[PDB]
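Here the structure is laid out as structure tokens; the discussion comes afterwards.
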Amino acid sequence: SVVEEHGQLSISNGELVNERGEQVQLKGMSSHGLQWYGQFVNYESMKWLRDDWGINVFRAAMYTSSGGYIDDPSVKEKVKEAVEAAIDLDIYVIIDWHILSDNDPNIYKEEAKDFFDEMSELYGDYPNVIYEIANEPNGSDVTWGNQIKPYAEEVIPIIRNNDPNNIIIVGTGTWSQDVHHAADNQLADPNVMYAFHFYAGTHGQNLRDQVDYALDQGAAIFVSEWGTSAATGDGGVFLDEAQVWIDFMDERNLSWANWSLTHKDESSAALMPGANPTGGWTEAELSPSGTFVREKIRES
Ligand SMILES: OC[C@H]1O[C@@H](O[C@H]2[C@H](O)[C@@H](O)[C@H](O[C@H]3[C@H](O)CNO[C@@H]3CO)O[C@@H]2CO)[C@H](O)[C@@H](O)[C@@H]1O
């Protein structure tokens, strides 16, 4: 129903809109790294998220390093499984080239181009697909103008040769926080969005103001990852600040995916130890974070 109704997504005046020009807000879950917790990514779990949580997007977090795709490329087949499930379930799907320790997206740019060529050839005639070409550029030696923008200007044409207008999300500096510099030096492609990531354990008032600055430059922003925890993915749960961010995102038409769908014993994990990887989770099988995130999506 979601993808049939909204169909082709595009950016109009800095906003994500559907094929009839109406604003639409995606809300869903990210996997954790597919090399570690890939068992939680399957049609049945995604169907349960759709039906019981109300998700309308799923993010497949394919780490490049840390035992991910560069080390063992088999994890690309799990991305394909996720995409196929999203197509069958009629929800959107984010294909996330999940850089992190490999902090400059240029490190594995040749592999990224290859990977996005393959994915856009396979899936470029479905409206479900959103390409996230570099999760979290980071480090003081990685800037928008010097590193990230020219990386994007190599990868985007590879995608566009196969898929001329599905959404592309481009990471920003400082772990996808530096939307200000991106917004001042935007990419040409009209269906690009810039990633912004937050963690509720950080006091967020200035970060909200910087998102507003970026929006005011006509840049579109997708909150392609956020957590209820501290910035490490752990360190307690911060539901008061999370709620402030939830309300902010609703007021600004900002789509989002929460980190993450795993049973790992860290505060950002949505599931308890013993949660079934194919779904069906009782209240007792959701973590503090998962209970909250589920409520936010069901409210929506
Ligand atoms: O258990 C698997 C490995 O986990 C590694 O820690 C990861 C955290 O569990 C995870 O929450 C964190 O997520 C990041 C995400 O990649 C980018 N956005 O920010 C999130 C919060 O920091 O990523 C951690 C690093 O991959 C751990 O380091 C390994 O030892 C484990 O094998």
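I need the full set of residues from region 70-98 which are under 21 Å from residue 169 (Cβ atoms) and within 16 Å of the ligand (Cβ to nearest atom), in order please.
Listed by number, the residues that qualify are 70, 75, 78, 79, 94, 95, 96, 97, 98.
Going by what's in this entry, would residue 239 be described as within 15 Å of residue 14 (Cα to Cα) and more than 15 Å from the ligand (Cβ to nearest atom)?
Criteria not met by residue 239.
Of all helices (runs of 4 or more DSSP H) completely enclosed by region 1-69, which ones contain at least 2 residues that are within 16 Å of the ligand (Cβ to nearest atom), buried (at least 17 other Cβ atoms within 10 Å of the Cβ) and touching a residue at least 40 places away in the same chain (Cβ under 8 Å)?
Helices (runs of 4 or more DSSP H) meeting the threshold: 34-37.
Could you list, in sequence order, the residues of region 185-208 that are in a helix (DSSP H, G or I), more than 16 Å from the ligand (Cβ to nearest atom) and in contact (Cβ under 8 Å) with a residue 12 or more places away in the chain?
208, the sole residue that qualifies.
Can we say residue 88 is assigned to a helix (DSSP H, G or I), free of Cβ contacts under 8 Å to residues at least 24 places away in the same chain and touching a helix residue (DSSP H, G or I) at 6+ places or on another chain (Cβ under 9 Å)?
no
In region 242-257, which residues are among the aliphatic types (A, V, I, L, M) and either away from the ligand (no atom under 16 Å from the Cβ) or assigned to a strand (DSSP E or B) (or both)?
Residues satisfying the conditions are 244, 246, 249, 254, 257.
Would you mention how many residues in region 121-161 are part of a loop (DSSP other than H, G, I, E, B) and away from the ligand (no atom under 16 Å from the Cβ)?
Number of matching residues: 9.
Considering (1) within 11 Å of the ligand (Cβ to nearest atom); (2) in contact with a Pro (Cβ under 8 Å, 6 or more places away or on another chain), say which one residue 225 fails and leave the rest.
Among (1) within 11 Å of the ligand (Cβ to nearest atom); (2) in contact with a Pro (Cβ under 8 Å, 6 or more places away or on another chain), the lone unmet condition for residue 225 is (2).
Bear in mind that the values in this text are calculations on the coordinates, not laboratory data. As a convention, Cβ positions derive from the backbone with ideal geometry for all residues, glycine included, and neighbour counts pool all protein chains shown.
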